[PDB]
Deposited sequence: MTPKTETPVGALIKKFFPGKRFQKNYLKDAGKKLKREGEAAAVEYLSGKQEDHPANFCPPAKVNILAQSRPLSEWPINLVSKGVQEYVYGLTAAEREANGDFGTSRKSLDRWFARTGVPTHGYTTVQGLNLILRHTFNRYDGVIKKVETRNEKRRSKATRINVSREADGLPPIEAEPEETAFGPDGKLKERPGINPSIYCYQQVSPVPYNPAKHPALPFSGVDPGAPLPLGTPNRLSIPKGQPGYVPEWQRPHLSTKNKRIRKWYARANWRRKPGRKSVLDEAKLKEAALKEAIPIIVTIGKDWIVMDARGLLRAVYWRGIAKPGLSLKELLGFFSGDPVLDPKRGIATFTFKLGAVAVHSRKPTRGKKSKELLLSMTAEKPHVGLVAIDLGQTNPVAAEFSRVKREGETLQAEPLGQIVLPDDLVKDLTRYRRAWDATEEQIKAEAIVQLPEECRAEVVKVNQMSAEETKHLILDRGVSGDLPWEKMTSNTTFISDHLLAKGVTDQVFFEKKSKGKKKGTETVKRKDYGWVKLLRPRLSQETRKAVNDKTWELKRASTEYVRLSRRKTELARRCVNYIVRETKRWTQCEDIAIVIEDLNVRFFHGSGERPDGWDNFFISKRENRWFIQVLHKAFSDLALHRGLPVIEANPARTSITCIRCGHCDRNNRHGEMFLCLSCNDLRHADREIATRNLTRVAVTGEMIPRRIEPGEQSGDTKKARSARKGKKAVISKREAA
């Protein structure tokens, strides 16, 4: 039973007026402002809006919320339902924490009563509402327009709104295909492939780009080309696939080529399909974001044959393997030990059904291919650069009282560390290069000079063994001694300040998307190699859950791709139905 509905995004070509001026947006905004600004008693009082005309009209009458001319039941049932569910979402967010605390309290109290100890006093349950009765965590306005059956997208016709500078395809005719034979384009004409490039052209089912695609002309370091946005815009607009959504007197026109590419790359259809049946692979209820200008379509329930599973763990995994091998008794596995050296390590095996037991048969071991490792390294360099820039900006814009403290924290060089150490009677002939975090050569030198008071001794518990161990203070411990810290008050401030600027810079989101895409590339490569190495269509992913001065600085590359690769591998259960054995 296919149950996943992935998205597809299309661009908006022409509007009657900005979406923020439509009555549906205004009524949504008003309803949300009303509901989020009322008490618990009023929510019960103002909660009989119903799913009917005779109830919605009275709700808008007594509450006083302006209807702004929007009086559609099928589009208001979404607005009211979403608003009240968002209202109820804070309450149960608080309730979940409350019931976690209640579960720990119940277990601790019953254990104490079994041991004879009286139950401990329970913690004061946090409340979702404030003093007067309003919600402390007030939800914000959702700036989205949810289309409905009565305003479903339809192919554009000249006898609909003839003011468009566009054209319109026949909804029943086959959709146009791109440039069929690019090698026969005359010289000096757009799309011309020069002779020298012709021998080394690609032979796979690569996505064809038109000559006016912005990816072909974007301002790159080594392009030596000129970008004319108007020319590419008009060239693209001459060959669009327009669809239209009409809500009341307003309308928007969307370019359906995004839907076309979505259906082509997924293989749910073949070239030679009409606009009526292109729209039939998606729901009739897209979502509009006015700030961007994107219409997000969602695949209809059945277009993508993905049964979204969840990452299994423990006993259930054994029966998962048994069920998989019961139908097809040849199942492939990949063991991703991504902790060591190169980002991804694999271990393929083919497992059969021995009645009730498993007999794994190894099939090899590979690593992440080199040509992808350069891409990962390039991304890491770019991400380090942008992280340094955003951190520097956050420090610069920090409040002056915290600015001075942070700046003074960030001068702790080796010479500055050595200065006060030498001032403490320590000689400079120490092997400064040769310390580790465990060495005590400074303490040994101080003791050899008779300086016993300065060498502080720490009593360390011997784990499970009773007794405390007296040890000379670590040299790295002396390093902590020389450096004052931010007393976990300024650290809070800089964290909140860097989160905001990290959200705000348009580069950080771009490199976050790039990290996600690179992780997905790694996962896709491993999945394809698992299929090719095991010769089985059904597979399963068994994931298993220098220098002295360099010790002063944080580790540049210690654990970066681990979490993103783990998330990408766990996403196969959510997006593509691949079983994931987290062990």
(request) Show which contiguous pieces of the deposited sequence have no C-alpha coordinates, counting from residue 1. (result) 1-53, 599-611, 650-737
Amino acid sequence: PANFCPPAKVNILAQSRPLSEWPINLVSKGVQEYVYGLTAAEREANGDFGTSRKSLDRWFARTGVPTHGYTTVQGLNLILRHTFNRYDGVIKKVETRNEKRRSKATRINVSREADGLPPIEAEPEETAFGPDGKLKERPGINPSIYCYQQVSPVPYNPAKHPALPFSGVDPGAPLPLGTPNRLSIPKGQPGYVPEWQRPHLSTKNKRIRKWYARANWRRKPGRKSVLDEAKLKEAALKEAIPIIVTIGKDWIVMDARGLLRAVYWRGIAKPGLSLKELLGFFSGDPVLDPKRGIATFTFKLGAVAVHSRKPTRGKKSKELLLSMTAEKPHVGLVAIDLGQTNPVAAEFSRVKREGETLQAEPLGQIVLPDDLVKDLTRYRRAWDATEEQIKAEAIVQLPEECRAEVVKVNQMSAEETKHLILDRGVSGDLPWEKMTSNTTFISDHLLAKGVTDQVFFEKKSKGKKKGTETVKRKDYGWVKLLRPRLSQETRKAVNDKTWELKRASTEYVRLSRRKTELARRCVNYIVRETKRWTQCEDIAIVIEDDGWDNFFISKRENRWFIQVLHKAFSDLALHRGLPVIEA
From here on, numbers count along this sequence of modelled residues.
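Only the largest set of C-alpha atoms that superpose within 1.5 Å between the two forms is called the rigid core.
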(message) Do the Cα atoms of 396-404 or of 177-185 sit farther, on average, from the shown structure in 6 other deposited structures of this protein when the rigid core is superposed?
(response) 396-404
(request) Find the stretch among 289-297 and 160-168 with the larger RMS C-alpha deviation in 6 other deposited structures of this protein, all structures being superposed on the shown form by the rigid core. (result) 160-168
(request) Output yes if residue 432 is unmodelled in at least a third of the other compared entries of this protein, no if it is modelled in all of them. (result) yes
(message) Taking the other PDB entries of this protein that cover both neighbours, check whether residue 64 lacks coordinates in at least a third of them.
(response) no
